[PDB]
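# Report on the structure
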Amino acid sequence: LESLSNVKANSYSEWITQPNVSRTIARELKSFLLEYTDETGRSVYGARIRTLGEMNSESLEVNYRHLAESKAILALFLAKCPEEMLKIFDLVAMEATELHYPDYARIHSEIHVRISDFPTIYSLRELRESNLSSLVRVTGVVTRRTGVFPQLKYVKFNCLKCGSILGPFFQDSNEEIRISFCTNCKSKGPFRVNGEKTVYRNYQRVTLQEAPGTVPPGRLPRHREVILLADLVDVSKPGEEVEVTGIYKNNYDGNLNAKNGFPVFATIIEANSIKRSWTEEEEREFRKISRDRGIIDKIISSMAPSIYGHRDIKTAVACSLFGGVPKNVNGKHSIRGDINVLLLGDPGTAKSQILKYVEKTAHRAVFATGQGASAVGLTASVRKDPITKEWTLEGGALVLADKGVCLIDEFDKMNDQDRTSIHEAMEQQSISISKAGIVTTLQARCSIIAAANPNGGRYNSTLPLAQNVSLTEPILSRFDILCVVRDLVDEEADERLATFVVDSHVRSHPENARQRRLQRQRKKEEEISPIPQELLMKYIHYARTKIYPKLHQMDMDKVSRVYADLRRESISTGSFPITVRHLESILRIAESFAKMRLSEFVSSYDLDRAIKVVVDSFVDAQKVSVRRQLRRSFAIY
Amino acid sequence: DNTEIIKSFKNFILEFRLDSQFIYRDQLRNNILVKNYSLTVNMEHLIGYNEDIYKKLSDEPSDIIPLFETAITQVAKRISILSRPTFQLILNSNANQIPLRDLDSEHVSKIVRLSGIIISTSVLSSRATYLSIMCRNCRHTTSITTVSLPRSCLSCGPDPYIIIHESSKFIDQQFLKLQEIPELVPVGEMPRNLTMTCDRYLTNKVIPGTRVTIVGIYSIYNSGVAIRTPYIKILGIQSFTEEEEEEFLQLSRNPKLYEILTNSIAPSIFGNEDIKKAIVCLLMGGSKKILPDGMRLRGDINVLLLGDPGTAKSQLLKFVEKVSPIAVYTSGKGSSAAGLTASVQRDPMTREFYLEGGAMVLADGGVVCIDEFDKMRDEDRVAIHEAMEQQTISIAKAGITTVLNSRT
Amino acid sequence: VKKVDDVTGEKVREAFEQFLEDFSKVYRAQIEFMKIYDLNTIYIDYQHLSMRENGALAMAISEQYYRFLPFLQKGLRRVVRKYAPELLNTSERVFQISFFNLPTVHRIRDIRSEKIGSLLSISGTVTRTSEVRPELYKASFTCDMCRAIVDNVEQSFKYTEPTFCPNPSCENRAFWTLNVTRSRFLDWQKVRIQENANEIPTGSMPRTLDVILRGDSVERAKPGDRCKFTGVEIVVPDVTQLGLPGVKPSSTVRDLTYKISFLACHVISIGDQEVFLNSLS
Amino acid sequence: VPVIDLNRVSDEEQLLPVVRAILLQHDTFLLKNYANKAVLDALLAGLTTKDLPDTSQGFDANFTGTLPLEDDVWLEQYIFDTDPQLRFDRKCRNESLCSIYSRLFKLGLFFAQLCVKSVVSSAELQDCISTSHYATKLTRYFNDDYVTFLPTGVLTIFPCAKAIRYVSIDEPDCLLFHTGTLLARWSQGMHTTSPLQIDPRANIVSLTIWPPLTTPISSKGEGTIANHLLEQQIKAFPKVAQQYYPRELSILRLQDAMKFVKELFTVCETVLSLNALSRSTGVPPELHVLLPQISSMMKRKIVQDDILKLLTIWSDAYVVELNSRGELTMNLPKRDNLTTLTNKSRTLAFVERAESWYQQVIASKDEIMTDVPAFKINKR
Ligand SMILES: Nc1ncnc2c1ncn2[C@@H]1O[C@H](COP(=O)(O)OP(=O)(O)O)[C@@H](O)[C@H]1O
Ligand SMILES: Nc1ncnc2c1ncn2[C@@H]1O[C@H](COP(=O)(O)OP(=O)(O)O)[C@@H](O)[C@H]1O
Ligand SMILES: [Zn+2]
Ligand SMILES: [Zn+2]
Ligand SMILES: [Zn+2]
């Protein structure tokens with residue numbers, strides 16, 4: 001038959017299960033696999049099948065749009081009963097593969113087809129009962145990963161009252177199947193699984209958590225159990241961000257009907273395909289922006305527009321947002337690619353609300369308070385698995401912020417042990433742990449932005465930095481940029497700040513309507529920033545994703561002499577622990593400056609601005625009597 | 001049909017000749033003289049002797065290994081009768097080992113080869129190997145060699161039989177925990193553990209922290225919807241190319257070898273030649289000596305980096321952890337005495353308390369890298385005193401006390 | 001064979017259908033709105049329910065709500081078939097009723113066994129919450145001896161297998177195969193609340209209670225919120241009654257313990273000039 | 001990428017099976033150990049360091065000469081054909097370029113003949129390229145962001161196989177051989193080719209080979225190969241075509257918009273079908289909700305104007321009623337929500353409408369605009 005499956009006599013399951021309809025759609029699927037219209041590209045699926053047989057793998061990726069275009073209702077059936085369609089489509093793929101490479105079943109039992117580019121995406125919080133048993137595509141962050149264990153797939157039973165063997169039953173991962181009548185005895189006697197004639201499968205369970213920047217206000221993070229089957233194991237590890245496509249099914253049957261009041265179950269997602277990306281229209285506008293002369297100043301002015309002044313802090317914030325190059329030189333050596341910033345100053349200097357801009361600007365940001373954090377909580381926590389009862393580990397805030405930024409407010413007032421827990425994370429970008437027999441190291445590739453208050457609550461300008469804070473030289477050495485702020489009084493500066501703040505409070509006050517309100521919002525953004533903020537976010541993401549400037553030794557002296565000058569001026573004064581780690585800060589911040597221009601090379605101008613920032617940061621932290629001398633000692637730079 | 005398999009095993013034992021000697025017959029005779037009822041069969045000789053029985057064993061050993069046991073027992077009894085219990089099969093092999101992470105639902109009931117480190121061992125358990133039973137209703141007796149008692153009498157009601165304890169035999173069994181080498185585990189992953197079981201002469205041969213090579217059968221047992229716990233029937237445990245030997249001997253013959261290796265330690269760092277050479281000495285390590293009173297001299301070299309921050313002190317340890325063949329890296333803050341050293345924990349798979357090794361136990365025979373050492377607690381330091389100076393770890397938890405060695 | 005009928009329930013259903021047909025037809029507009037926007041639950045103002053037959057209908061419905069609810073559900077589904085049959089379509093007649101705007105609000109202090117099976121409204125500060133789950137509202141089973149199917153097996157507060165095979169040619173009992181496709185489910189959530197500060201006098205400790213929410217009303221309760229609930233009190237089995245003094249009744253041996261929980265259908269959180277001003281006389 | 005080595009495969013009986021096997025599966029292959037490669041390296045060095053292009057030559061309607069481009073990039077292009085009927089009088093002015101061209105041609109003519117014998121089943125065209133009948137285009141970029149291009153020749157030859165993308169090619173010691181549109185067209189389905197991406201500022205010289213351009217594209221068509229090359233150059237170089245071929249440029253450009261609107265309709269069908277099957281009711285959703293998903297499927301930004309362009313061609317496509325919110329909506333017009341046969345029928349109806357409108361536009365005597373005007377929904 002053909003086109004006769006379009007008749008809607010009843011719900012889709014009542015029609016698909018009919019053997020004639022199944023044969024018709026299997027023939028249609030075979031036609032789709034054998035021939036597809038990709039013009040100059042020929043039938044790409046044939047080449048895919050041939051190369052899969054060549055590569056000895058089971059993954060036949062199928063573009064949803066292709067099948068939808070070629071066969072209208074054939075894709076819609078998969079969109080509402082994915083399991084039933086895949087059940088026969090696996091056999092169709094298997095025979096198609098055996099056409100090119102015979103005896104494929106001699107090694108591979110089945111073909112695990114994977115769906116790609118499914119056009120409907122739901123969050124982990126948007127799932128509803130109306131989408132039960134349907135195909136869904138969700139995006140989340142891997143938090144906890146269980147082991148890989150075998151699980152039954154086709155089960156046969158042995159009757160106790162006869163030597164006959166019961167027929168095969170498919171394990172849907174829904175319930176521990178227990179038959180009630182023997183096919184020969186018709187008795188309700190005991191049954192036992194015939195293991196020697198039973199086919200298994202691999203099983204793994206992974207929890208997907210809401211992305212750190214996507215948690216709604218005032219609610220705990222949502223998460224679901226995701227089941228990885230059919231060689232889909234080890235596709236992700238804790239800290240990774242993935243998007244997965246699967247089936248929304250219910251399998252928590254058992255004592256829950258009596259332990260908790262009334263009969264209830266719990267939902268899981270059984271994963272079909274998983275994936276761990278820019279259109280031309282976005283790259284064109286990015287490249288239009290990149291060619292503007294002096295783009296660096298616009299970017300710097302774009303950070304936290306409503307905060308007046310503090311340009312020497314805004315530049316550091318922007319540089320940390322863009323970051324540098326994590327040069328894993330020759331593999332055997334590594335350098336952290338991210339810039340660490342400390343905001344130290346008097347109260348009433350917005351050392352905290354800047355972090356409330358990094359949290360809203362960076363792709364993935366984690367915020368914590370000094371006394372509201374624990375060493376176990378930040379790094380990693382130990383858990384016992386509810387299924388396997390084994391010791392398991394769950395990542396903390398630093399593991400969550402992997403390939404992101406971690407924020408710690410009131411960094412000075414946290415207890416010493418929680419502060420010590422940050423030592424390894426600040427340089428190794430990793431968490432090393434040994435608890436309950438678990439020995440492992442997680443990736444913690446994140447930058448740290450810290451805000452703190454000086455000893456006594458007010459900065460003593462007459463005393464060095466190494467005396468105004470309760471911190472120590474080790475901890476200070478893990479930073480790159482130190483921003484010291486004085487709340488000194490002056491009529492002109494105070495008038496400027498007040499007239500900026502009052503207009504900021506006038507702006508932020510409330511007062512195709514969607515388009516009109518977006519236009520008005522962008523008008524207000526233009527009134528205060530040179531770059532639209534959504535474009536800035538996309539630009540930052542694109543720069544972090546694509547641009548990796550390289551270095552040249554054209555200006556070796558200009559950096560070496562600056563390093564020597566700083567070391568000489570730090571020889572006998574209480575000041576920053578200037579070391580090789582601080583030398584690397586110049587290079588990394590120069591790389592960050594270059595990455596704003598999207599240039600592939602580190603230029604002399606970038607190094608000039610880098611040297612300016614580092615030298616100014618070092619100088620502005622010395623005592624008053626020496627500051628006015630070092631002002632003139634470094635007049636060259 | 002299986003009589004041919006038994007005959008083939010009999011030929012492979014009695015008549016197989018290597019190095020102009022009946023090596024298998026002679027070794028089985030020597031074991032009988034020693035009264036060790038076990039035979040160490042080498043798979044590399046078995047494949048060379050007969051390929052068909054090797055194919056059967058590789059594909060369906062389920063009936064082959066009972067045949068192995070009974071044939072070896074019969075042949076050994078014949079040899080004992082000629083010269084004047086069930087003999088255990090031990091397999092030695094050198095074929096390629098499948099990685100532990102690659103074990104899947106396809107290798108069910110197949111004999112595989114593995115390598116790893118032992119992290120925990122259970123206490124011995126007594127299992128039945130031959131039983132004689134009597135019916136309580138009519139005193140009828142019979143013998144039985146998973147096994148379960150008959151439901152009806154052979155002469156009485158359901159379940160009439162009881163076990164005659166004074167006319168039965170039992171054997172020992174031990175449960176083992178294997179995991180992959182942490183050096184082969186990429187960061188961001190906890191090494192996979194694996195349950196193994198051994199019986200009779202294969203028990204008590206390893207302790208936690210031991211690195212072994214395994215020949216065994218991949219199988220599952222019931223203890224999640226259908227998550228059947230996998231376990232390994234242990235069959236044989238074992239614990240450089242000639243051109244590589246020549247290359248490394250020439251490297252030793254290099255007149256500038258010491259300086260070359262000194263520069264080779266973290267070449268991407270400048271100077272620090274003294275600490276570089278000290279770390280080289282740590283990597284080589286000292287030589288063990290034993291006093292005539294039985295005490296052992298600790299040959300490990302322990303070095304404390306106690307300088308100003310930012311002097312590449314962490315980078316050196318992170319580089320050594322790459323270089324040393326056995327290396328463990330952990331922070332002082334994120335570790336504990338129960339984690340750094342051994343601990344006693346209950347195994348949920350066998351419902352028994354297990355002695356489990358710690359991080360420093362895993363680093364036995366290697367080097368451990370620890371950072372922020374000043375920030376660990378004093379109890380951990382006290383345990384590390386024993387680990388450093390006596391190469392032992394003393395455990396006194398719950399109601400059990402034990403001492404475990406650690407050459408870290 | 002004719003089953004026993006509740007004539008009072010039939011009168012209540014008829015009065016409820018007449019109320020739906022005659023009230024002004026804002027509720028029929030609500031039904032159409034649900035059809036347009038694909039909505040599962042209809043909402044009824046209690047003061048609208050209490051303005052027909054001098055509110056005697058509302059009183060009768062409230063005081064035995066757990067009994068009369070099926071009749072109102074039948075009336076509403078008959079009405080929706082009369083006017084919006086497309087809501088019976090799936091891809092199969094899941095439908096909920098939620099009453100709101102109760103006149104009286106009762107404290108956790110004033111919980112009594114007399115209130116069981118009656119409509120009432122309570123308020124309390126939320127302290128702990130559990131994640132949402134699916135609940136088996138109505139299940140269906142297929143026979144094991146033969147292959148007959150049994151639909152509309154309502155699971156009243158317990159896992160309930162069918163008591164017989166409908167065809168007399170089969171002798172199946174105590175064994176069934178559960179369907180997970182033709183069966184339908186609903187959302188489930190439990191809210192653990194605390195007595196408010198202004199209720200407890202000085203020197204008195206606050207009372208705690210567990211509240212049950214189902215359907216789309218879930219997740220509208222947040223910790224620290226002075227939420228308000230509307231529904232009926234229901235008792236649930238309890239295991240902590242063991243060891244208490246006094247004679248305990250027995251069934252014949254079986255146990256018959258109980259503890260009290262509140263089931264709420266409507267959720268609201270207590271908290272723009274004209275919006276506030278239009279709510280005042 | 002397959003590699004051909006003259007030290008082991010240099011004979012016709014050796015090359016022909018290898019070339020046929022490569023072309024039955026690939027469109028690009030490499031040449032190794034060619035004797036002139038050592039001289040080719042020195043000639044390339046001389047061109048890129050001493051023999052700079054003659055920037056004063058200018059550019060003509062024949063797409064030959066030294067065309068200035070954006071970012072001060074210069075393009076030196078020459079065309080040669082054995083048939084005198086085409087006036088390619090602008091021969092190459094530089095002797096080093098001719099030295100590279102001759103050394104390329106000496107083996108490239110034989111390789112093109114081998115490819116034609118391998119994949120072209122037409123016995124009348126087995127020797128369509130030879131010393132007596134051949135046409136070549138010499139191309140040289142110069143600098144005083146990859147560009148996608150598709151040669152129309154039988155074979156394309158590059159003296160250096162570096163920085164070329166399709167995955168990148170990094171084989172400097174091998175020459176790159178790429179098949180064009182004509183060879184695949186005459187292959188009768190036995191061989192296909194794909195466009196390449198190259199750096200326009202890399203100063204790379206390239207050669208492409210055709211039979212004499214007066215040869216028709218096929219016996220089934222009236223236009224010649226020169227017409228196809230002219231179409232390709234007009235599409236590639238609008239600035240040059242403006243002086244000489246404006247109307248042809250507009251006609252050629254409108255086809256891209258036609259394909260765009262067709263694929264937009266194809267995407268919208270799937271989007272609306274999935275929206276309809278995800279609801280128990282047929283209420284039309286607001287357009288602004290559908291737009292992100294539509295743009296994601298299209299893999300480029302889609303706006304309301306592009307949607308309204310569809311209504312211009314096929315009025316019976318969708319129902320576009322405006323919601324009480326003031327937000328535009330769209331829905332399927334069919335009462336019984338969908339049928340695959342009716343879906344194909346509606347797609348074919350839109351295709352027919354688009355083709356008829358394209359023919360109407362190109363038949364007009366007025367100058368053609370290259371974009372479909374947008375429909376206006378009646379304001380309420
Ligand atoms: N430089 C500034 N420009 C504008 N507003 C500022 C500035 N510094 C502080 N403020 C205002 O003062 C408040 C400071 O908040 P907070 O960041 O907690 O101060 P700090 O962290 O410095 O103690 C902010 O709400 C901000 O509006
Ligand atoms: N001699 C050196 N050569 C190269 N890099 C060095 C040298 N000394 C220090 N460094 C730099 O210092 C960093 C290591 O600092 P580290 O020892 O981790 O700080 P801390 O002592 O606070 O742990 C590395 O990034 C490395 O590049
Ligand atoms: Zn039976
Ligand atoms: Zn008996
Ligand atoms: Zn029945």
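Attention in this report is confined to the structure presented alongside it.

Thresholds, definitions, all that
- Residues numbered from 1 in each chain as written, not as in the entry; some residues may be left out.
- Chains lettered and ligands numbered in written order.
- Part of a larger assembly, values for the part shown.
- Heavy atoms only, no water.
- Donors = N, O, S within 2.8 Å, 3.2 Å for Na, K, Ca; no water.
- Tetrahedral: all angles 85-135°; square planar, octahedral: opposite > 155°, others 65-115°.
- Helix = DSSP H or I, 4+ residues; strand = E, 2+ residues; numbered from the N terminus.
- Buried < 20%, exposed > 50% of the residue type's maximum accessible area, 1.4 Å probe, protein only.
- Near = heavy atom within 4 Å.
- Areas by Shrake-Rupley, 256 points an atom, 1.4 Å probe, with all protein chains shown as cover.
- Nonpolar A, V, L, I, M, F, W, Y, C, P; charged D, E, K, R; others polar.
- Contact = heavy atoms within 4.5 Å.
- Buried area = accessible area lost by both parts, 1.4 Å probe.
- Salt bridge = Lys/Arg side-chain N within 4 Å of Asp/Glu carboxyl O.
- Polar contact = N/O pair within 3.5 Å; in protein donor to acceptor, adjacent residues only side chain to side chain.
- Patch = residues over 30% accessible without salt bridge, like charges linked within 9 Å, V, L, I, M, F, W, Y side chains within 5 Å.
- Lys, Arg positive; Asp, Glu negative; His and termini not counted.
- Charge placed at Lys NZ, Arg CZ, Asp CG, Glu CD.

### Details of the coordination of the zinc ion (ligand 5)
Residues and elements named next belong to chain C. Summarising the metal site, the zinc ion (ligand 5) is bound by the protein donors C143 (SG), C146 (SG), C165 (SG) and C170 (SG), whose distances to it range over 2.3 Å. For the zinc ion (ligand 5), the four donor atoms in the first shell make angles of 104 to 115 degrees at the metal, a pattern classed as tetrahedral. Taken in chain order, the donor set of the zinc ion (ligand 5) reads C-x2-C-x18-C-x4-C. Of the two residues, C143 sits in the loop between β4 (133-142) and β5 (149-154) while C165 sits in the loop between β5 and β6 (177-178), which places them 22 residues apart along the sequence. Accessibility classification places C143 together with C165 in one group, the buried group.

### Overview of the site of ligand 2
Taken together, 16 residues sit near ligand 2, with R581 and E584 of chain A together with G310, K313 and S314 of chain B positioned nearest. Site remark: ligand 2 is flanked by residues from chains A and B. Burial of ligand 2 by the protein amounts to 88% of the accessible area it has alone, namely 570 Å². Elements represented by at least two residues in the shell around ligand 2 include exactly α22 (580-597) of chain A together with α9 (313-323) of chain B. Of the residues forming the shell around ligand 2, the biggest block, three residues, is contributed by α22 of chain A. Tallied by class, residues from the shell around ligand 2 come to six nonpolar, five polar and five charged.

### Quick look at the interface of chain B and chain A
On the side of chain A, 52 residues touch chain B, which itself brings 48 residues to the contact. Of the roughly 4,300 Å² buried where chain B meets chain A, counting both sides, 55% is carbon and sulfur surface. In terms of surface lost to chain A, no three residues of chain B exceed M190, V225 and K333 of chain B, which account for 14% of the buried area on that side. Across the contact surface, chain B and chain A share five salt bridges. Residue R101 of chain B is joined to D234 of chain A by a salt bridge in which the shortest nitrogen-to-oxygen separation is 3.2 Å. The tally of links between chain B and chain A comes to 19 residue pairs in polar contact. Residues that form the side of chain B that touches chain A fall into these classes: 20 nonpolar, 15 polar and 13 charged.

### Looking at the pattern of salt bridges
Under the counting rule described, the total for this entry stands at 102 salt bridges over all chains. Of the charged contacts in the structure, one is a salt bridge between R588 of chain A and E584 of chain A, with a shortest N-O distance of 2.9 Å. Separated by four residues within a single helix, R588 of chain A and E584 of chain A lie in helix α22, roughly one turn from each other. Salt bridges sharing common partners tie together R145 and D234 of chain A together with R101, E180, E189 and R192 of chain B.

### Considering a negative patch on the surface
Residues and elements named next belong to chain A. Taken together, the side chains of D490, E491, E492, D494 and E495 present a region of like negative charge at the surface. Position of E492 among the secondary structure elements: in helix α18 (residues 491-508). Looking at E492, the relative accessible area reads 48%, which means it is partly exposed.

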